[PDB]
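**Student:** sequence unknown, structure follows:
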Ligand SMILES: [Zn+2]
């Protein structure tokens, strides 16, 4: 058990950590274009905002599937049941 | 068996974590150019959005294969039955 | 007591459920609370969420049951600045006639802000006042309701029901499955559209399920990590030293000055994603 | 003189130097373009 349980804490840290790394760089690239678009067209700000939040759903989908399987490995364990 | 099951937990975290990292940065790049184009040509926005979703399918294609194989390695295990 | 025991006690909820013999009793230990299954209730979460929601609507009703339509009194001037702010936020995103979207956004913003604000009061005050009023010395009691994943999941799974509802109510059952299987990729050839249904379903279904989870866990993560830092800074004062109980005050002050910005911002993001996700369920965005 | 009609010429003093929601791509710097376009505008006013 000690290895299957200790290598599940490393599994959890990579599922949430690699997702935390990619979402902070992805929203910083997406947001950098939203703030310039908001300057080039001050009257388009309400349209640019609703379109940015549509992209945000695509940007975080795989990251959020990983914060769920990581929480599922932290309070339940599909590997410990296999001895 | 405890080493195969423990290494499988890390294999699963590595499949989804690298996919989360890649798609989040990929959509940050793709979506950033969609907001840049939407600001210059607000008449083109409905056409640009259709072309953005054509590319979104190519961007997440391999990532989906990775999360499909990752879930397969948690609820079933092709390695445990090979020992 | 030890620092580990002090931290372990602050992370347990007041649970009530099916004991080994009877459906009427409070758990006295964390294990006795984990034995209680899905058919249990956190009485501190439901006692803080319901009490703060009724205080908000009662105060907003006092300024609606007697609205002047002329020069406003101090109370109604504030309530109208909030309704005007929410209505403007909804009109810059939603263009339809739906009467539910505007009061929902006001309810979501003001309630979440109040459930988050109780984190600023000192962390041992309410837990000890509950123990002194009850006569116990081992009573579990957590004040900040948005630090419980069940409370934040309840708020998002309910917004998700309204998203699946309005999507079927205006697009029809055919339009709901159409956006879920014929969008974003469509083709004239019958063999091609059938081979594109699995690809369209993977793309659209994943994004839909991620909406409620991301709304609940963004709120839970910012509040749970926010209170953990206050509990950890309180252990610096538990040491009893002088040059540590002086450094702790600076960290607590700096963290509270930072946390009031986070508490205000998290209520605004939850409101804006509720407005955006309900508005994109009323039109074909593709 | 301003050409009011074939029978009337009006002498005038006119100021020169002290002079839709989409943007151009501005291939060279927009500030550089302005520094050039304004000189062509004053010359075109003097020529007219
Ligand atoms: Zn569509």
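**Tutor:** Great, that's in hand. Residues are numbered from 1 along each chain as shown, chains lettered A, B, ... in the order given.
**Student:** and the residue in chain D positioned nearest to chain B, its phi and psi?
**Tutor:** Closest residue of chain D to chain B, CB to the nearest CB: residue D:23 (6.0 Å). For the C-beta atoms, the positions are set from N, CA and C on the backbone; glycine is no exception. When quoted as degrees, to the nearest 10, the phi and psi of residue D:23 stand at phi -110, psi 160.
**Student:** wait, doesn't it sit right on residue A:40?
**Tutor:** Yes - if you go by CB atoms under 8 Å, residue D:23 and residue A:40 touch, sitting 5.7 Å apart.
**Student:** what touches both of the two?
**Tutor:** B:39-40 (CB atoms under 8 Å, 6 or more residues apart in numbering or on different chains).
**Student:** distance-wise, check residue C:12 relative to chain B.
**Tutor:** Look at residue C:12 and chain B: by CB to the nearest CB, to the nearest Å, they are 28 Å apart.
**Student:** I meant residue C:206, not that one.
**Tutor:** Separation of residue C:206 from chain B (CB to the nearest CB): 8 Å.
**Student:** how many residues are close by that residue?
**Tutor:** Number of residues near residue C:206 (other CB atoms under 10 Å in any protein chain shown) recorded here: 18.
**Student:** next, the contact list for it, please.
**Tutor:** Contacts of residue C:206 (CB under 8 Å, 6+ apart): A:61-62, A:65.
**Student:** closest to the ion out of these?
**Tutor:** Closest approach to the ion among the contacts of residue C:206 (CB to the ion): residue A:61, at 17.4 Å.
**Student:** number of nearby residues for residue 81?
**Tutor:** You didn't pick a chain, so chain A it is. Applying other CB under 10 Å, we find 8 residues neighbouring residue A:81.
**Student:** wait, chain C
**Tutor:** Residue C:81, neighbours per other CB under 10 Å, totals 11.
**Student:** same check on the one 3 residues further on?
**Tutor:** When counting by other CB under 10 Å, one arrives at 10 neighbours for residue C:84.
**Student:** any idea how far the residue located most distally from the centre of chain D is from residue D:14?
**Tutor:** Here chain D reaches farthest from its C-alpha mean at residue D:7, the gap being 27.6 Å by CA atoms, centre = their mean. Distance of residue D:7 to residue D:14, given as CB to CB, to the nearest Å: 22 Å.
**Student:** where do the helices sit along the chain?
**Tutor:** Unless you meant another one, I'm taking chain A. For chain A, the helices defined by DSSP state H cover A:2-40, A:45-75.
**Student:** um, chain D though
**Tutor:** Counting by DSSP H, one finds helices in chain D at the ranges D:30-47.
**Student:** hang on, isn't residue A:63 packed against residue B:22?
**Tutor:** No - using CB under 8 Å, residue A:63 is not in contact with residue B:22; the gap is 10.7 Å.
**Student:** which neighbours do those two share?
**Tutor:** With CB under 8 Å, 6+ apart, residue A:63 and residue B:22 have common neighbours residue A:22.
**Student:** who's more crowded, these two?
**Tutor:** Between residue A:63 and residue B:22, residue A:63 has the larger neighbour count (other CB under 10 Å), namely 26 against 19.
**Student:** next up, the contacts around the residue of chain D found nearest chain C.
**Tutor:** At 16.5 Å from chain C, residue D:21 is the closest residue in chain D, using CB to the nearest CB. Contact analysis of residue D:21 by CB under 8 Å, 6+ apart lists A:41, A:43-44, B:42.
**Student:** next, it: phi, psi?
**Tutor:** Note on residue D:21: its backbone torsions stand at phi -80, psi 70 [degrees, to the nearest 10].
**Student:** now residue D:6
**Tutor:** Torsion angles at residue D:6 (phi, psi; degrees, to the nearest 10) stand at phi -50, psi -30.
**Student:** distance-wise, check it relative to residue D:48.
**Tutor:** Taken as CB to CB, the span from residue D:6 to residue D:48 is 19 Å.
**Student:** same question, residue C:209
**Tutor:** To residue D:48, residue C:209 is 67 Å away according to CB to CB.
**Student:** and if you look at residue A:30?
**Tutor:** Counting by CB to CB, the gap from residue A:30 to residue D:48 is 50 Å.
**Student:** which residue is nearest the centroid of chain A?
**Tutor:** residue A:63 (3.2 Å).
**Student:** on that earlier part again, now for the helices of chain A, which one comes closest to the ion?
**Tutor:** When the helices of chain A are compared by CB to the ion, helix A:45-75 sits nearest the ion, at 11.5 Å.
**Student:** what angle separates the closest one from helix A:2-40?
**Tutor:** Compare the direction of helix A:45-75 with that of helix A:2-40 by axes from the mean of the first three to the mean of the last three CA atoms, to 10 degrees and you get 180 degrees.
**Student:** contacting residues for the residue of chain A found nearest chain C?
**Tutor:** Of all residues in chain A, the one sitting closest to chain C is residue A:46 (4.0 Å; CB to the nearest CB). With contact set as CB under 8 Å, 6+ apart, residue A:46 has these partners: C:92-93.
**Student:** please tell me how far it sits from residue C:95.
**Tutor:** Separation of residue A:46 from residue C:95 (CB to CB): 11 Å.
**Student:** now residue A:8
**Tutor:** Following CB to CB, the distance that separates residue A:8 from residue C:95 is 48 Å.
**Student:** one more: residue A:78?
**Tutor:** From residue A:78 over to residue C:95 the distance is 46 Å, taken as CB to CB.
**Student:** what of residue C:108?
**Tutor:** 20 Å.
**Student:** who in chain A is up against chain C?
**Tutor:** A:46, A:49-50, A:53-54, A:57-58, A:60-62, A:64-65, A:67-68 (CB under 8 Å from any CB of the partner chain).
**Student:** can you tell me the closest non-neighbouring residue to residue C:26?
**Tutor:** residue C:16 (5.2 Å; CB to CB, 6 or more residues apart in numbering or on different chains).
**Student:** chain B contacts on chain C?
**Tutor:** Residues of chain C lying near chain B (CB under 8 Å from any CB): C:184-185, C:199, C:202-203, C:285-286.
**Student:** tell me which entries of the residues you listed lie within helices.
**Tutor:** Per DSSP H, the residues of chain C next to chain B map to helices at C:199, C:202-203.
**Student:** nearest to residue C:41 among those residues?
**Tutor:** residue C:202 (37.2 Å; CB to CB).
**Student:** separation between that closest one and residue A:1?
**Tutor:** To residue A:1, residue C:202 is 36 Å away according to CB to CB.
**Student:** between the two, which has more neighbouring residues?
**Tutor:** A count of neighbours by other CB under 10 Å puts residue C:202 above the other of residue C:202 and residue A:1, at 16 against 11.
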